[PDB]
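Single chain ahead, by itself, as structure tokens, in the form deposited in one PDB entry.
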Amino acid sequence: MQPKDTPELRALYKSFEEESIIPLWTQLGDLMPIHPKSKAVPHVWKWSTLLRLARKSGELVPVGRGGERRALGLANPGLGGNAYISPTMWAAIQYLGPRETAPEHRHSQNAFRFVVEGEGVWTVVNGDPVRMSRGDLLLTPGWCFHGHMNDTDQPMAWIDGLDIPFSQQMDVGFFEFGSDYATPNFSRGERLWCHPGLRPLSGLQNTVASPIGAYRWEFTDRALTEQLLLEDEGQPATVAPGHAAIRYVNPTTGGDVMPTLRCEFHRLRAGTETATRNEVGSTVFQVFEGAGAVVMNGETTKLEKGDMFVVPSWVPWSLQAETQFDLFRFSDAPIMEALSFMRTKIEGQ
């Protein structure tokens, strides 16, 4: 029950408004909910829709007229018109036209670029050029200069993933503009850092983000194959039966690629059904290859190559593989884990 509605109570409340006071006893229960109840909702975007809308944006939106920023943000229908896939993460399909380029800038917001279709584009990160091709993860960690250049007449699509919404809501955003279009097969970073178990004596200092600028498909694919093969041979490897998986890591530390974003890659055997999880924080998956479905809040959605979906905080989810089902994954878990808010419920346990 509320206080008696009296002229004195109404005078009290008008003083409140005047003095920027909001009394706790008037607040709606879910200021402190029983468990996380996001304004973001579970949502799927179909690739066939996204690619068609991206191609059209290629025609209608040239460089000089918005073409420098040709990226289709996935907007969660529960987040009020904000171009946010979740309360922490921005995810967009960047569509880079034949021969297009972008100049250098840096920003405090952390970012990756996961290559969906195409080849022969380079993203240049602190002057070091990083070739892009299908299945590759590129990082452009916060405060690193990044521009790019298409070396080809072909378009490319990648997922443009950032902590923009966290950074916007929390007031951490900074931004600077920057000041040869070399096309090396591999970046300096990779040439130093992508030898397993080995660390240059010139890079003995730990870093906050990975110095690996590209995690190439070859290696991702090979790691996942080896886990399934080790499973066949009776050896521990996979995380769950038929479920091979890796986390992309900062090799100086063994932890996440960047302070705010975790990236992983999963492969499921045909037939695999994962146990239902509730996890704090939001995650986004993209179907890289294969066919299957997701269950979110008990609702099953079938999924095809390229489809993308978001699980907001604490929404119970699982995946079923119809064929071999390869998925790229990102989430805000490093944030929940750094601050001791992370929590996990699994149907098995």
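Only residues modelled in both forms are compared. Residue indices: 1-based, along the sequence shown. Whichever C-alpha set is largest while still superposing within 1.5 Å between the two forms counts as the rigid core.
FYI, the form deposited in another entry isn't displayed, but the following is about it.
Residue shifts between the shown form and the other one, rigid core superposed: of 316, 67, 36, 290, the only C-alpha displaced by 2 Å or more belongs to 67. Relative to this form, in the other form the C-alpha atoms of residue 66 and residue 307 separate from one another by 3 angstroms or more.
In sequence order, there is only one run of at least 3 consecutive residues whose Cα atoms each shift by 2 Å or more between the shown form and the other one, relative to the superposed core, and it is 62-69.
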